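start.csv follows (CSV, C-alpha atoms and all ligand atoms):
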chain,number,residue,atom,x,y,z
Z,1,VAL,CA,3.0,17.8,5.8
Z,2,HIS,CA,0.6,20.3,5.3
Z,3,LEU,CA,-2.7,18.9,6.5
Z,4,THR,CA,-5.3,21.3,6.3
Z,5,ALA,CA,-7.8,21.5,9.3
Z,6,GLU,CA,-10.2,19.2,7.4
Z,7,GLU,CA,-7.5,16.6,7.1
Z,8,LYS,CA,-6.6,17.0,10.6
Z,9,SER,CA,-10.2,16.4,11.9
Z,10,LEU,CA,-10.4,13.4,9.7
Z,11,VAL,CA,-7.1,11.8,10.9
Z,12,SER,CA,-7.5,12.3,14.6
Z,13,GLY,CA,-11.3,11.4,14.2
Z,14,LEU,CA,-10.3,7.9,13.1
Z,15,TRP,CA,-7.3,7.4,15.2
Z,16,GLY,CA,-9.7,7.6,18.3
Z,17,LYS,CA,-11.1,4.4,17.4
Z,18,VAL,CA,-7.9,2.4,16.7
Z,19,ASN,CA,-7.1,-0.5,19.1
Z,20,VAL,CA,-3.4,0.2,19.7
Z,21,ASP,CA,-2.5,-3.3,21.2
Z,22,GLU,CA,-4.0,-4.7,17.9
Z,23,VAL,CA,-2.7,-2.7,15.1
Z,24,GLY,CA,1.1,-2.4,15.7
Z,25,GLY,CA,1.0,-6.3,15.8
Z,26,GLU,CA,-0.8,-6.6,12.5
Z,27,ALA,CA,1.0,-3.9,10.6
Z,28,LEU,CA,4.4,-5.2,11.5
Z,29,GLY,CA,3.4,-8.8,11.1
Z,30,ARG,CA,2.2,-8.0,7.7
Z,31,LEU,CA,5.6,-6.3,6.7
Z,32,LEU,CA,7.5,-9.4,7.5
Z,33,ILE,CA,5.1,-11.5,5.6
Z,34,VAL,CA,4.7,-9.4,2.2
Z,35,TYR,CA,8.3,-8.2,2.2
Z,36,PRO,CA,10.4,-11.2,3.5
Z,37,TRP,CA,13.7,-9.4,3.5
Z,38,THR,CA,12.6,-7.3,6.3
Z,39,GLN,CA,13.0,-10.3,8.6
Z,40,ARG,CA,16.7,-9.9,8.7
Z,41,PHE,CA,16.4,-7.0,11.2
Z,42,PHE,CA,14.4,-9.2,13.6
Z,43,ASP,CA,16.6,-12.3,14.1
Z,44,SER,CA,16.3,-11.6,17.9
Z,45,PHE,CA,12.5,-12.4,17.6
Z,46,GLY,CA,12.7,-16.1,17.1
Z,47,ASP,CA,10.4,-18.1,14.8
Z,48,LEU,CA,9.1,-16.0,11.8
Z,49,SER,CA,9.4,-18.7,9.2
Z,50,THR,CA,5.5,-19.1,8.4
Z,51,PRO,CA,2.7,-16.6,8.4
Z,52,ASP,CA,1.0,-18.1,11.3
Z,53,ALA,CA,4.3,-18.2,13.0
Z,54,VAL,CA,4.8,-14.4,12.7
Z,55,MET,CA,0.9,-13.9,13.5
Z,56,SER,CA,1.5,-15.6,16.6
Z,57,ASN,CA,4.8,-14.5,17.8
Z,58,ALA,CA,4.7,-12.3,21.0
Z,59,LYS,CA,7.9,-10.2,20.5
Z,60,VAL,CA,6.2,-8.9,17.4
Z,61,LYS,CA,2.9,-8.1,19.1
Z,62,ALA,CA,5.0,-6.3,21.7
Z,63,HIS,CA,6.9,-4.1,19.4
Z,64,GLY,CA,4.0,-3.5,17.0
Z,65,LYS,CA,2.8,-1.7,20.2
Z,66,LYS,CA,5.8,0.3,20.6
Z,67,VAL,CA,5.9,1.3,17.0
Z,68,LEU,CA,2.3,2.4,16.9
Z,69,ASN,CA,2.8,4.5,20.1
Z,70,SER,CA,5.5,6.5,18.6
Z,71,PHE,CA,3.2,7.1,15.5
Z,72,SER,CA,0.7,8.3,18.1
Z,73,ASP,CA,3.5,10.8,19.2
Z,74,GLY,CA,4.0,12.0,15.8
Z,75,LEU,CA,0.2,12.7,15.5
Z,76,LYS,CA,0.4,15.2,18.4
Z,77,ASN,CA,3.3,17.0,17.1
Z,78,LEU,CA,2.4,16.9,13.3
Z,79,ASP,CA,4.1,20.4,13.2
Z,80,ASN,CA,7.7,19.4,14.2
Z,81,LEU,CA,7.8,15.6,13.1
Z,82,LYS,CA,11.5,16.1,12.4
Z,83,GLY,CA,12.1,17.0,16.2
Z,84,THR,CA,9.8,14.2,17.6
Z,85,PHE,CA,11.6,11.5,15.4
Z,86,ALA,CA,15.1,12.6,15.4
Z,87,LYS,CA,16.4,10.4,18.2
Z,88,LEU,CA,14.6,7.4,16.6
Z,89,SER,CA,16.0,8.6,13.3
Z,90,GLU,CA,19.6,8.3,14.5
Z,91,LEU,CA,18.7,4.6,15.6
Z,92,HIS,CA,17.2,3.4,12.3
Z,93,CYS,CA,20.2,5.0,10.5
Z,94,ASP,CA,23.3,4.4,12.5
Z,95,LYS,CA,23.0,1.4,14.7
Z,96,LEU,CA,20.4,-0.3,12.6
Z,97,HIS,CA,21.2,0.7,8.9
Z,98,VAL,CA,17.7,0.3,7.6
Z,99,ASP,CA,17.3,1.5,4.1
Z,100,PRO,CA,14.5,4.1,4.1
Z,101,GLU,CA,12.6,2.7,1.4
Z,102,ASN,CA,11.4,0.2,4.0
Z,103,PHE,CA,9.8,3.1,6.1
Z,104,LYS,CA,7.6,3.7,3.2
Z,105,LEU,CA,6.5,0.3,3.1
Z,106,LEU,CA,5.6,0.0,6.7
Z,107,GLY,CA,3.8,3.1,6.2
Z,108,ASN,CA,1.8,1.7,3.5
Z,109,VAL,CA,1.0,-1.5,5.3
Z,110,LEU,CA,-0.3,0.4,8.1
Z,111,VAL,CA,-2.6,2.2,5.6
Z,112,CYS,CA,-3.6,-1.4,4.6
Z,113,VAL,CA,-4.4,-2.6,8.2
Z,114,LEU,CA,-6.5,0.6,8.7
Z,115,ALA,CA,-8.5,0.1,5.7
Z,116,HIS,CA,-9.2,-3.6,6.6
Z,117,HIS,CA,-10.2,-2.5,10.0
Z,118,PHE,CA,-12.5,0.5,9.1
Z,119,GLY,CA,-14.2,-0.7,6.0
Z,120,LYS,CA,-16.2,2.3,4.4
Z,121,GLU,CA,-15.3,4.7,7.0
Z,122,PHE,CA,-11.9,4.6,5.3
Z,123,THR,CA,-13.0,7.1,2.4
Z,124,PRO,CA,-10.6,8.2,-0.4
Z,125,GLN,CA,-10.8,11.5,1.6
Z,126,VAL,CA,-9.5,9.7,4.8
Z,127,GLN,CA,-6.9,7.6,3.1
Z,128,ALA,CA,-5.3,10.8,1.4
Z,129,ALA,CA,-4.8,12.3,4.8
Z,130,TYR,CA,-3.0,9.3,6.1
Z,131,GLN,CA,-1.0,9.0,3.1
Z,132,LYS,CA,0.2,12.3,4.0
Z,133,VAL,CA,1.0,11.6,7.6
Z,134,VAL,CA,2.6,8.4,6.8
Z,135,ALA,CA,4.8,10.1,4.2
Z,136,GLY,CA,5.7,12.7,6.8
Z,137,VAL,CA,6.8,10.1,9.3
Z,138,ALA,CA,9.0,8.2,6.8
Z,139,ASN,CA,10.9,11.4,5.9
Z,140,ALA,CA,11.2,12.4,9.4
Z,141,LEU,CA,12.8,9.1,10.2
Z,142,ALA,CA,15.1,9.3,6.9
Z,143,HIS,CA,16.5,12.6,8.1
Z,144,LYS,CA,19.7,11.3,9.5
Z,145,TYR,CA,20.5,10.4,5.8
Z,146,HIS,CA,19.8,13.9,4.5
I,1,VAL,CA,7.4,-16.5,-9.4
I,2,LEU,CA,3.7,-17.2,-8.7
I,3,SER,CA,3.3,-20.6,-7.0
I,4,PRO,CA,-0.1,-22.6,-6.9
I,5,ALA,CA,-1.1,-21.3,-3.3
I,6,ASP,CA,-0.9,-17.9,-4.8
I,7,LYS,CA,-2.8,-18.5,-7.8
I,8,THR,CA,-5.5,-20.1,-5.7
I,9,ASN,CA,-5.7,-17.0,-3.3
I,10,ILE,CA,-6.0,-14.8,-6.3
I,11,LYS,CA,-8.7,-16.7,-8.0
I,12,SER,CA,-10.8,-17.2,-5.0
I,13,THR,CA,-10.7,-13.5,-4.1
I,14,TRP,CA,-11.7,-12.6,-7.6
I,15,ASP,CA,-14.5,-15.0,-7.5
I,16,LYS,CA,-15.7,-13.2,-4.4
I,17,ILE,CA,-15.4,-9.8,-5.7
I,18,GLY,CA,-17.3,-11.0,-8.9
I,19,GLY,CA,-19.8,-8.4,-10.2
I,20,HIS,CA,-18.2,-5.5,-8.1
I,21,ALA,CA,-14.8,-5.5,-10.0
I,22,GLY,CA,-16.2,-2.8,-12.1
I,23,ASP,CA,-16.8,-0.3,-9.2
I,24,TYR,CA,-13.6,-1.3,-7.5
I,25,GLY,CA,-11.7,-0.3,-10.4
I,26,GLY,CA,-13.6,3.1,-10.2
I,27,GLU,CA,-12.6,3.6,-6.6
I,28,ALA,CA,-9.0,2.5,-6.7
I,29,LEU,CA,-8.6,5.2,-9.4
I,30,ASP,CA,-10.2,7.6,-7.1
I,31,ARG,CA,-8.0,6.9,-4.3
I,32,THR,CA,-5.0,7.1,-6.5
I,33,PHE,CA,-5.8,10.5,-7.7
I,34,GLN,CA,-6.6,11.7,-4.4
I,35,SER,CA,-3.7,10.4,-2.4
I,36,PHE,CA,-1.0,10.6,-5.2
I,37,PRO,CA,-1.9,13.7,-7.2
I,38,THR,CA,1.1,13.4,-9.5
I,39,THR,CA,-0.9,10.7,-11.3
I,40,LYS,CA,-3.8,12.9,-12.5
I,41,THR,CA,-1.1,14.1,-14.9
I,42,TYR,CA,-2.0,11.5,-17.3
I,43,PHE,CA,-5.7,12.2,-17.5
I,44,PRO,CA,-5.8,15.8,-18.5
I,45,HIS,CA,-8.7,15.0,-20.8
I,46,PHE,CA,-10.5,13.6,-17.8
I,47,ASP,CA,-13.2,15.0,-15.6
I,48,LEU,CA,-11.1,14.1,-12.6
I,49,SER,CA,-13.8,15.1,-10.1
I,50,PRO,CA,-14.9,12.4,-7.7
I,51,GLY,CA,-18.0,10.5,-8.9
I,52,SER,CA,-17.3,11.4,-12.6
I,53,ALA,CA,-18.3,9.2,-15.4
I,54,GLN,CA,-15.0,9.5,-17.0
I,55,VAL,CA,-13.3,7.9,-13.9
I,56,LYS,CA,-16.0,5.3,-13.5
I,57,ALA,CA,-15.8,4.2,-17.2
I,58,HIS,CA,-12.1,3.5,-17.2
I,59,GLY,CA,-12.2,1.9,-13.8
I,60,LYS,CA,-14.6,-0.8,-15.4
I,61,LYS,CA,-11.8,-1.1,-18.1
I,62,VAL,CA,-9.0,-1.4,-15.7
I,63,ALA,CA,-10.9,-4.0,-13.8
I,64,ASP,CA,-11.8,-6.1,-17.0
I,65,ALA,CA,-8.3,-6.3,-17.8
I,66,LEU,CA,-7.3,-7.5,-14.5
I,67,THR,CA,-10.2,-10.1,-14.8
I,68,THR,CA,-8.6,-11.2,-18.1
I,69,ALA,CA,-5.3,-11.7,-16.3
I,70,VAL,CA,-6.7,-13.6,-13.5
I,71,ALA,CA,-7.8,-16.1,-16.4
I,72,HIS,CA,-4.3,-16.2,-18.0
I,73,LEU,CA,-2.0,-16.5,-14.9
I,74,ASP,CA,0.2,-18.7,-16.7
I,75,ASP,CA,0.6,-16.4,-19.7
I,76,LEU,CA,0.5,-13.0,-18.4
I,77,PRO,CA,2.8,-11.6,-21.1
I,78,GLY,CA,0.5,-13.0,-24.0
I,79,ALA,CA,-2.5,-11.9,-22.2
I,80,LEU,CA,-1.5,-8.2,-21.7
I,81,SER,CA,1.0,-7.7,-24.5
I,82,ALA,CA,-1.1,-5.0,-26.2
I,83,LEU,CA,-1.3,-3.1,-23.0
I,84,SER,CA,2.2,-3.4,-22.5
I,85,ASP,CA,2.8,-1.4,-25.6
I,86,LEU,CA,0.2,1.1,-24.8
I,87,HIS,CA,1.7,2.1,-21.5
I,88,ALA,CA,5.3,1.8,-22.5
I,89,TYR,CA,5.4,3.0,-26.1
I,90,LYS,CA,2.5,5.4,-26.3
I,91,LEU,CA,1.6,6.8,-22.8
I,92,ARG,CA,5.2,6.8,-21.7
I,93,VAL,CA,4.3,6.0,-18.1
I,94,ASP,CA,6.7,6.4,-15.0
I,95,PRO,CA,7.0,2.9,-13.4
I,96,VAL,CA,6.7,4.5,-9.9
I,97,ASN,CA,2.9,5.0,-11.0
I,98,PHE,CA,2.2,1.3,-10.8
I,99,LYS,CA,3.5,0.9,-7.3
I,100,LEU,CA,1.0,3.5,-6.4
I,101,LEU,CA,-2.1,2.2,-8.1
I,102,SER,CA,-1.3,-1.2,-7.0
I,103,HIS,CA,-1.3,0.0,-3.4
I,104,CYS,CA,-4.8,1.7,-3.9
I,105,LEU,CA,-6.2,-1.3,-5.7
I,106,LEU,CA,-5.1,-3.4,-2.5
I,107,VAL,CA,-6.6,-0.9,-0.2
I,108,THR,CA,-10.0,-1.0,-2.0
I,109,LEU,CA,-10.0,-4.7,-1.6
I,110,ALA,CA,-9.1,-4.5,2.1
I,111,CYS,CA,-12.1,-2.0,2.4
I,112,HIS,CA,-14.6,-4.2,0.8
I,113,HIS,CA,-13.6,-7.7,2.0
I,114,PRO,CA,-11.8,-7.6,5.3
I,115,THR,CA,-12.5,-11.1,6.0
I,116,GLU,CA,-10.6,-12.6,3.1
I,117,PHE,CA,-7.9,-10.0,3.6
I,118,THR,CA,-5.8,-12.3,5.7
I,119,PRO,CA,-2.0,-11.7,5.6
I,120,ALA,CA,-1.4,-14.8,3.4
I,121,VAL,CA,-3.9,-13.3,0.8
I,122,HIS,CA,-2.6,-9.8,1.1
I,123,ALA,CA,0.9,-11.3,0.1
I,124,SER,CA,-0.5,-13.1,-2.8
I,125,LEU,CA,-2.2,-10.2,-4.4
I,126,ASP,CA,0.6,-7.9,-3.9
I,127,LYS,CA,2.5,-10.3,-5.6
I,128,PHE,CA,-0.2,-10.4,-8.4
I,129,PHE,CA,-0.1,-6.6,-8.7
I,130,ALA,CA,3.7,-6.6,-8.9
I,131,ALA,CA,3.5,-9.1,-11.7
I,132,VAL,CA,1.0,-7.3,-13.8
I,133,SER,CA,3.0,-4.1,-13.4
I,134,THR,CA,6.2,-5.8,-14.4
I,135,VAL,CA,4.5,-6.8,-17.5
I,136,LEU,CA,3.3,-3.3,-18.5
I,137,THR,CA,6.7,-2.1,-17.8
I,138,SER,CA,8.6,-4.7,-19.7
I,139,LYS,CA,9.2,-2.7,-22.8
I,140,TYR,CA,11.5,-0.4,-20.8
I,141,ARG,CA,13.6,-3.4,-19.7
O,1,LIG,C1,7.1,3.9,10.1
O,1,LIG,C2,8.4,3.5,10.3
O,1,LIG,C3,8.9,3.2,11.7
O,1,LIG,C4,8.6,3.7,12.9
O,1,LIG,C5,7.5,4.7,13.5
O,1,LIG,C6,9.5,2.9,13.7
O,1,LIG,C7,9.5,3.0,15.1
O,1,LIG,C8,10.4,2.3,15.9
O,1,LIG,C9,10.5,2.4,17.4
O,1,LIG,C10,9.6,3.3,18.3
O,1,LIG,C11,11.5,1.6,17.9
O,1,LIG,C12,12.1,1.4,19.3
O,1,LIG,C13,11.3,0.7,20.4
O,1,LIG,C14,11.9,1.1,21.8
O,1,LIG,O1,11.5,2.2,22.3
O,1,LIG,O2,12.6,0.2,22.4
O,1,LIG,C15,12.0,0.9,16.6
O,1,LIG,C16,13.0,0.0,16.7
O,1,LIG,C17,13.3,-0.8,15.7
O,1,LIG,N1,12.9,-0.7,14.4
O,1,LIG,FE1,11.5,0.5,13.8
O,1,LIG,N2,10.3,2.0,13.1
O,1,LIG,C18,10.0,2.3,11.8
O,1,LIG,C19,10.4,1.6,10.7
O,1,LIG,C20,11.2,0.4,10.8
O,1,LIG,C21,11.4,-0.6,9.7
O,1,LIG,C22,10.8,-0.5,8.3
O,1,LIG,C23,12.3,-1.4,10.2
O,1,LIG,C24,13.0,-2.5,9.6
O,1,LIG,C25,12.7,-2.8,8.4
O,1,LIG,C26,12.7,-1.2,11.6
O,1,LIG,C27,13.5,-2.0,12.4
O,1,LIG,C28,13.5,-1.8,13.7
O,1,LIG,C29,14.3,-2.5,14.7
O,1,LIG,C30,15.2,-3.6,14.5
O,1,LIG,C31,14.1,-1.8,15.9
O,1,LIG,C32,14.7,-2.1,17.3
O,1,LIG,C33,14.7,-3.8,17.3
O,1,LIG,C34,14.9,-4.3,18.8
O,1,LIG,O3,14.7,-3.5,19.9
O,1,LIG,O4,15.2,-5.6,18.9
O,1,LIG,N3,11.9,0.0,12.0
O,1,LIG,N4,11.4,1.4,15.5
O,2,LIG,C1,-2.6,-2.7,-13.4
O,2,LIG,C2,-2.3,-1.5,-14.0
O,2,LIG,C3,-3.0,-0.9,-15.2
O,2,LIG,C4,-3.9,-1.5,-16.0
O,2,LIG,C5,-4.6,-2.9,-15.9
O,2,LIG,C6,-4.3,-0.6,-17.0
O,2,LIG,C7,-5.3,-1.0,-18.0
O,2,LIG,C8,-5.5,-0.1,-18.9
O,2,LIG,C9,-6.6,-0.2,-19.8
O,2,LIG,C10,-7.6,-1.3,-19.9
O,2,LIG,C11,-6.6,0.9,-20.5
O,2,LIG,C12,-7.6,1.2,-21.5
O,2,LIG,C13,-7.1,0.8,-22.9
O,2,LIG,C14,-8.0,1.8,-23.8
O,2,LIG,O1,-7.3,3.0,-24.0
O,2,LIG,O2,-9.3,1.5,-24.3
O,2,LIG,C15,-5.7,1.8,-20.1
O,2,LIG,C16,-5.4,3.0,-20.7
O,2,LIG,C17,-4.7,3.9,-20.0
O,2,LIG,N1,-4.0,3.7,-18.9
O,2,LIG,FE1,-4.0,2.2,-17.7
O,2,LIG,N2,-3.6,0.6,-16.8
O,2,LIG,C18,-2.8,0.4,-15.7
O,2,LIG,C19,-1.9,1.2,-15.1
O,2,LIG,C20,-1.8,2.4,-15.5
O,2,LIG,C21,-1.2,3.4,-14.8
O,2,LIG,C22,-0.2,3.4,-13.6
O,2,LIG,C23,-1.5,4.4,-15.4
O,2,LIG,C24,-1.0,5.8,-15.3
O,2,LIG,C25,-0.8,6.2,-14.0
O,2,LIG,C26,-2.4,4.1,-16.5
O,2,LIG,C27,-2.8,5.1,-17.3
O,2,LIG,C28,-3.5,5.0,-18.5
O,2,LIG,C29,-3.9,6.0,-19.4
O,2,LIG,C30,-3.7,7.5,-19.4
O,2,LIG,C31,-4.6,5.3,-20.4
O,2,LIG,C32,-5.4,5.8,-21.6
O,2,LIG,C33,-6.6,6.7,-20.8
O,2,LIG,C34,-7.8,6.9,-21.8
O,2,LIG,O3,-7.7,7.7,-22.7
O,2,LIG,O4,-9.0,6.3,-21.8
O,2,LIG,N3,-2.5,2.8,-16.5
O,2,LIG,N4,-5.0,1.2,-19.1

Take the structure in the file and write it out as structure tokens.
Amino acid sequence: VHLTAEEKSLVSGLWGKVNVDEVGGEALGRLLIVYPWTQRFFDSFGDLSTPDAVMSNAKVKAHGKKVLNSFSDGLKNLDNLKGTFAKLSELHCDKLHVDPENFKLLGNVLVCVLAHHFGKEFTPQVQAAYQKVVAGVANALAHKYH
Amino acid sequence: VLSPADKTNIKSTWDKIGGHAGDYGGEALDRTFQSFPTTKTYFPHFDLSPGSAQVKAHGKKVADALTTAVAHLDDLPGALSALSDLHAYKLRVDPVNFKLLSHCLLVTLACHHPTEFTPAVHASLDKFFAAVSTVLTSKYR
């Protein structure tokens, strides 16, 4: 992560407007739906078998929230991502055993849910910066495998 | 696979995109160049600045192609076999590239058409992009 001033202004500019109860929910939902294998890590979460089932399931809304808050945390600390995620990184790797390729993919669906939400304001400009931040996070999380 | 729900979601979206395909193709290229710069690698003869006519012109082509496909969903391999040879034999393209453009093409659709970007559709297209990509990569496999 580089993220030149312009890029920063553009990222945090949009993120002011993002409904955090909403987006965690939709991003995570969407993951389970477009990549079904990801479901295996959420048995604890109950019925995910249909798309409306996942759309509607509470335990999912409630994480979505926790995941997106942590991504908030990484936005403050863009500098030292590595530090900010290390503890989380040890969980996804050790106790969870999530292959990192799936970090990418959450990251991308989050780019999706944004785009859907922001219409034009999501310019190629804007999406490039998030691609960056997203890729940062996914690495920062992969760390305990490096 | 590509079941008949799928195929429905796909047709219906492409019906609604109709006469704008040609610009969406423009834009999805944009975004790709801009978010994944490694790809501009393949367009050294391109004016790869933002509104350029080089970009725009292909875009129309990349989108005609996808239109064509949407029409042969049953015979994707017949449909795109010449392009298969193009990208595999002549342009020698990294398969990783397709993952990336596919993602920007999805995006551009989510920007323009939030309302028919439900998760169920999102899944269907993804899946469509993955199939088209498998096809253009098939000469490696
Ligand atoms: C951008 C990537 C990710 C971020 C920012 C992220 C963030 C988080 C956070 C904050 C928690 C813990 C919530 C707490 O404080 O209790 C967590 C837990 C978890 N993550 Fe993620 N995660 C990421 C990717 C993934 C992916 C791709 C998967 C699986 C495919 C995954 C599976 C889980 C599971 C199973 C838990 C805990 C489950 C439970 O408490 O029942 N994570 N992740
Ligand atoms: C769904 C995916 C793709 C489709 C539908 C597609 C479609 C096409 C079409 C229609 C052409 C124009 C054929 C002509 O030369 O008149 C073309 C050429 C080409 N494609 Fe793509 N392509 C796709 C993916 C890629 C990817 C991932 C790349 C590279 C990253 C790529 C790079 C190129 C290049 C360099 C050419 C020739 C450029 C020119 O001289 O005009 N294609 N492709």

#### Entry: Test item: chain I residues at most 10 Å from chain Z, counting all atoms listed in the file, as a ChimeraX atom specification
/I:27-37,50,103-104,106-127

### Summary
In Å and to one decimal, CA of residue 54 (chain I) is distant from CA of residue 92 (chain I) by 20.9 Å

### Task
Mind checking which residues fall within 8 Å of residue 60 (chain Z), counting only C-alpha atoms, ignoring those fewer than 6 positions away in the same chain, and posting them as number ranges by chain?
Z: 25, 28-29, 45, 54

### Task
Just the residues within 12 Å of region 78-87 of chain Z, please, counting all atoms listed in the file, with nothing from its chain fewer than 2 positions along; format it as an NGL selection string.
:Z and (1-5 or 7-8 or 11-12 or 67 or 70-76 or 89-95 or 130 or 132-146)

Expected file: the selected residues, C-alpha atoms, as a compact mmCIF listing (two decimals), in the coordinates of the input:
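The resulting file, selection_2.txt, is reproduced below:
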# COMPACT_ATOMS: atom_id res chain seq x y z
CA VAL Z 1 3.00 17.80 5.80
CA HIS Z 2 0.60 20.30 5.30
CA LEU Z 3 -2.70 18.90 6.50
CA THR Z 4 -5.30 21.30 6.30
CA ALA Z 5 -7.80 21.50 9.30
CA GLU Z 7 -7.50 16.60 7.10
CA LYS Z 8 -6.60 17.00 10.60
CA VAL Z 11 -7.10 11.80 10.90
CA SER Z 12 -7.50 12.30 14.60
CA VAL Z 67 5.90 1.30 17.00
CA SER Z 70 5.50 6.50 18.60
CA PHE Z 71 3.20 7.10 15.50
CA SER Z 72 0.70 8.30 18.10
CA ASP Z 73 3.50 10.80 19.20
CA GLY Z 74 4.00 12.00 15.80
CA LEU Z 75 0.20 12.70 15.50
CA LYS Z 76 0.40 15.20 18.40
CA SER Z 89 16.00 8.60 13.30
CA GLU Z 90 19.60 8.30 14.50
CA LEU Z 91 18.70 4.60 15.60
CA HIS Z 92 17.20 3.40 12.30
CA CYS Z 93 20.20 5.00 10.50
CA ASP Z 94 23.30 4.40 12.50
CA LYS Z 95 23.00 1.40 14.70
CA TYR Z 130 -3.00 9.30 6.10
CA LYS Z 132 0.20 12.30 4.00
CA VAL Z 133 1.00 11.60 7.60
CA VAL Z 134 2.60 8.40 6.80
CA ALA Z 135 4.80 10.10 4.20
CA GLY Z 136 5.70 12.70 6.80
CA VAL Z 137 6.80 10.10 9.30
CA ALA Z 138 9.00 8.20 6.80
CA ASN Z 139 10.90 11.40 5.90
CA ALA Z 140 11.20 12.40 9.40
CA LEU Z 141 12.80 9.10 10.20
CA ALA Z 142 15.10 9.30 6.90
CA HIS Z 143 16.50 12.60 8.10
CA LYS Z 144 19.70 11.30 9.50
CA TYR Z 145 20.50 10.40 5.80
CA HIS Z 146 19.80 13.90 4.50

### Query
How would you write as a list in words the residues that get within 6 Å of (-10.4, -3.4, -8.7) in the file's frame, counting all atoms listed in the file?
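Within the cut-off we find residues 21, 24, 25, 63 and 105 of chain I.
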
Using C-alpha atoms, can you export the residues from the last selection as a PDB file, in the frame of the given file?
ATOM      1  CA  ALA I  21     -14.800  -5.500 -10.000  1.00  0.00           C
ATOM      2  CA  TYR I  24     -13.600  -1.300  -7.500  1.00  0.00           C
ATOM      3  CA  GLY I  25     -11.700  -0.300 -10.400  1.00  0.00           C
ATOM      4  CA  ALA I  63     -10.900  -4.000 -13.800  1.00  0.00           C
ATOM      5  CA  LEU I 105      -6.200  -1.300  -5.700  1.00  0.00           C
TER       6      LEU I 105
END

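Ranking Z:42, Z:48, Z:62, Z:18 by their shortest atom-to-atom distance to ligand LIG 1 (chain O), with only C-alpha atoms and all ligand atoms included, puts Z:42 first.
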
### Query
What separation in Å, quoted to one decimal, exists between atom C2 of ligand LIG 2 (chain O) and CA of residue 36 (chain Z)?
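Between atom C2 of ligand LIG 2 (chain O) and CA of residue 36 (chain Z) the gap works out to 23.7 Å.
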
Let me see if you get this right: every residue at most 10 Å from ligand LIG 2 (chain O), counting only C-alpha atoms and all ligand atoms, written as an mmCIF file with C-alpha atoms, in the frame of the given file.
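And here is the file that came out, selection.cif:
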data_model
loop_
_atom_site.group_PDB
_atom_site.id
_atom_site.type_symbol
_atom_site.label_atom_id
_atom_site.label_comp_id
_atom_site.auth_asym_id
_atom_site.auth_seq_id
_atom_site.Cartn_x
_atom_site.Cartn_y
_atom_site.Cartn_z
ATOM 1 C CA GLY I 25 -11.700 -0.300 -10.400
ATOM 2 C CA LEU I 29 -8.600 5.200 -9.400
ATOM 3 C CA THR I 32 -5.000 7.100 -6.500
ATOM 4 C CA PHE I 33 -5.800 10.500 -7.700
ATOM 5 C CA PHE I 36 -1.000 10.600 -5.200
ATOM 6 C CA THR I 38 1.100 13.400 -9.500
ATOM 7 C CA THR I 39 -0.900 10.700 -11.300
ATOM 8 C CA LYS I 40 -3.800 12.900 -12.500
ATOM 9 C CA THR I 41 -1.100 14.100 -14.900
ATOM 10 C CA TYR I 42 -2.000 11.500 -17.300
ATOM 11 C CA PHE I 43 -5.700 12.200 -17.500
ATOM 12 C CA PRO I 44 -5.800 15.800 -18.500
ATOM 13 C CA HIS I 45 -8.700 15.000 -20.800
ATOM 14 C CA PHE I 46 -10.500 13.600 -17.800
ATOM 15 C CA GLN I 54 -15.000 9.500 -17.000
ATOM 16 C CA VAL I 55 -13.300 7.900 -13.900
ATOM 17 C CA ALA I 57 -15.800 4.200 -17.200
ATOM 18 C CA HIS I 58 -12.100 3.500 -17.200
ATOM 19 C CA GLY I 59 -12.200 1.900 -13.800
ATOM 20 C CA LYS I 60 -14.600 -0.800 -15.400
ATOM 21 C CA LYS I 61 -11.800 -1.100 -18.100
ATOM 22 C CA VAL I 62 -9.000 -1.400 -15.700
ATOM 23 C CA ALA I 63 -10.900 -4.000 -13.800
ATOM 24 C CA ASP I 64 -11.800 -6.100 -17.000
ATOM 25 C CA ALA I 65 -8.300 -6.300 -17.800
ATOM 26 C CA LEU I 66 -7.300 -7.500 -14.500
ATOM 27 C CA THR I 67 -10.200 -10.100 -14.800
ATOM 28 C CA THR I 68 -8.600 -11.200 -18.100
ATOM 29 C CA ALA I 69 -5.300 -11.700 -16.300
ATOM 30 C CA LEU I 80 -1.500 -8.200 -21.700
ATOM 31 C CA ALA I 82 -1.100 -5.000 -26.200
ATOM 32 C CA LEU I 83 -1.300 -3.100 -23.000
ATOM 33 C CA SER I 84 2.200 -3.400 -22.500
ATOM 34 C CA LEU I 86 0.200 1.100 -24.800
ATOM 35 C CA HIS I 87 1.700 2.100 -21.500
ATOM 36 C CA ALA I 88 5.300 1.800 -22.500
ATOM 37 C CA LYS I 90 2.500 5.400 -26.300
ATOM 38 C CA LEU I 91 1.600 6.800 -22.800
ATOM 39 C CA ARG I 92 5.200 6.800 -21.700
ATOM 40 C CA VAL I 93 4.300 6.000 -18.100
ATOM 41 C CA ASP I 94 6.700 6.400 -15.000
ATOM 42 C CA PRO I 95 7.000 2.900 -13.400
ATOM 43 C CA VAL I 96 6.700 4.500 -9.900
ATOM 44 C CA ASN I 97 2.900 5.000 -11.000
ATOM 45 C CA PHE I 98 2.200 1.300 -10.800
ATOM 46 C CA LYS I 99 3.500 0.900 -7.300
ATOM 47 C CA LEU I 100 1.000 3.500 -6.400
ATOM 48 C CA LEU I 101 -2.100 2.200 -8.100
ATOM 49 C CA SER I 102 -1.300 -1.200 -7.000
ATOM 50 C CA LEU I 105 -6.200 -1.300 -5.700
ATOM 51 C CA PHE I 128 -0.200 -10.400 -8.400
ATOM 52 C CA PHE I 129 -0.100 -6.600 -8.700
ATOM 53 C CA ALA I 130 3.700 -6.600 -8.900
ATOM 54 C CA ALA I 131 3.500 -9.100 -11.700
ATOM 55 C CA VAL I 132 1.000 -7.300 -13.800
ATOM 56 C CA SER I 133 3.000 -4.100 -13.400
ATOM 57 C CA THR I 134 6.200 -5.800 -14.400
ATOM 58 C CA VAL I 135 4.500 -6.800 -17.500
ATOM 59 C CA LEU I 136 3.300 -3.300 -18.500
ATOM 60 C CA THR I 137 6.700 -2.100 -17.800
#
